Each structure stands twice: as structure tokens, then as C-alpha cells.
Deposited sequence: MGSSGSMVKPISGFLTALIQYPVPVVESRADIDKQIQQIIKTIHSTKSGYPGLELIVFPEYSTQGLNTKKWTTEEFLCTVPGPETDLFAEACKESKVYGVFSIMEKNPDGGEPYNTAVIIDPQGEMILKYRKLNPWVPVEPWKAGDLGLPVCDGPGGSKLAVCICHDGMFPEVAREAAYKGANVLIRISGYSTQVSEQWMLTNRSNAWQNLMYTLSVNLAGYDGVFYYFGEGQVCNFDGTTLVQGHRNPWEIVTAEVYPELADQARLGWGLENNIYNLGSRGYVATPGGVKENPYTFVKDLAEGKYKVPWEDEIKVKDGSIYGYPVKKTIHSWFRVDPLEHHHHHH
């Protein structure tokens, strides 16, 4: 009635060209196979944001640094997931099909190699990040062990509206892939717990780890129960594997087990819904 997940504190890539991107793809694929062989019960492996292409702010919007989703790169992730019989969560900076600014995209591929979820980062900064605000909403898919999976990216997890939307659409597991520097390590751990408790929802969250010559990324893979309690917490080392058994049915039971005023008392909800938030 549960499933095993592995969160990879993937070493922050230093990417200077497409050749480095191909190297990251091969390393990710090797990590899928090796982690499954080490954890035979594994069913969900999670890689952090920017694990495929890095954070080269001088080049990360050039054609060389962008991919299509799906594309040859996700096809390779999908073949690996199909051979290891795991769900996989991956990060791809996506070329905008309409020619505009690219997207910050995450995907879930199931043990049959099919892409069952594509999400575009809703909340880019946008001081440092150039990505276009996601336009696919916050999707939810069926995962292992009776899970309803949703993915959010980096800053998305700081907005309570993101985790709220995931659970509202049926998710009982929220996956968060990030590429944060050590500056928000504390706030990272805090919102992972509150995102879980406020929605009676598991949170699986992992960040890049190590030093890329500018920032140190804190890693700190984190699994939180649906009561907001952290079950397992990784440290700040590259290649730490944070594993945990997750029982999505208990989250569902809590929501079912635990005529009312339907009107909205919050001005910010009205302004936000109508695009007048200021």
C-alpha cells in the first residue's frame, strides 16, 4: 500500500556547451540504473531542477542549451525508465514552440517509457531567471502505490498557492525539484513541511548539491509526511540518496476521515483570480 522513492542530490552541473549537456544525460541515465540496482524496490526517482543543463546564465537561453519536450533527450530518459521499471522526474529547459522565451519544464515518465506529466514552471523570479511563466497550469498524474503525483519547480514551493492547487486537483504527493543556493536552506525545509501539512499531502523535495563556481547548492533531500513532519532529511553533499517509503492511501484516508459558507472572504483571492493582484 506504499512505494519507495529515491531523491538524488545531484551534483550541480557546470555546463558550457551541448557536449556537457549530453554528459549530464548519460550520468542521469547511469544514476537511474545504478540506484534501481541498489534499491530493488524503487519506483520513483527524482532529479533536481537544472540537472540536465545547469545554470550557465550567459548561455542557458541559447539554442545550443535548449531542448524540445518531448525530444531526443526525454526519449533517452524514457528508455532508461522503461529498462529500470521506475517512474522518473526530470528537468529540461524547453525551447518555446512559438519562438518566444523558453520554459523551465519538468516531466514524469512511467515504467513503460510514457511521459505522463509535463509541467512548466509557473513562478520564475524573474530578476535572474529568463523563463516564461508556465502556461500548462499545475497538472496531476497517476503514480505508483496509488499516488496522485504533481511536480513544482524551485520557487513554486515558496508560494502556498502551488501546493494548494496540487492537492485541489487530487494530488496526494507533491514533488519539488529545485536548484537553490544555500541562502534559503532554512526556508526550503520550512515550506516543504507546511506545503505537506496544509494540504494533508506528502512532499518529496530535492535540490542540486555542490559548488558550481558561483553558488553552493544545498541538496538536502527531504520527505515530509502529510502531517508536516519530516521523515528523512539529507545533508549538503553531492550524490546523497534520500529514500523513503510513502503510503499515499494514508493521506487519502486523512482527508476523507478528518453546509458551510462557500463565499470567499479574501480580497487577494479575488484580485489574483482576476489578474488585478497588486
- [ ] Spell out the unmodelled ranges of the deposited sequence for me, N- to C-terminal, numbering from the first residue.
- [x] 1-11, 270-287, 308-346
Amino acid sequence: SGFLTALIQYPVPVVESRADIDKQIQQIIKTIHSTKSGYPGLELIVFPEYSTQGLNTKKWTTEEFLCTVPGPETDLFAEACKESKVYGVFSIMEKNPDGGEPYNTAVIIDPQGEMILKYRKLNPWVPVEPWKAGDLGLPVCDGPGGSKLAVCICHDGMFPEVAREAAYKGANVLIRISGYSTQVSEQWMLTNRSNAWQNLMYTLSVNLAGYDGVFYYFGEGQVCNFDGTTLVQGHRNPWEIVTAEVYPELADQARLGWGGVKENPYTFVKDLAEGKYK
From here on, numbers count along this sequence of modelled residues.
TODO: Using the B-factors recorded in the PDB entry, average over the C-alpha atoms of 199-207 and of 112-120, then report which stretch comes out higher.
DONE: 112-120
- [ ] On mean C-alpha B-factor from the PDB entry, just flag whether 94-102 or 77-85 is the higher one.
- [x] 94-102
- [ ] Pick out which of 225, 62, 35, 222 has the highest C-alpha B-factor in the PDB entry.
- [x] 62
TODO: Rank-wise, by C-alpha B-factor, drop residue 25 into the lowest, middle or highest third of its chain.
DONE: middle
Open item on the list: By the recorded C-alpha temperature factor, relative to the other modelled residues in its chain, which third is residue 48 in?
Closed with: lowest
Task: Modelled-residue ranking by C-alpha temperature factor, third containing residue 144 - done: middle
Open item on the list: Going by the CA temperature factor in the PDB record, which third of the chain does residue 259 belong to: lowest, middle or highest?
Closed with: highest
Open item on the list: Please place residue 193 in the lowest, middle or highest third of its chain according to the CA B-factor in the PDB entry.
Closed with: lowest
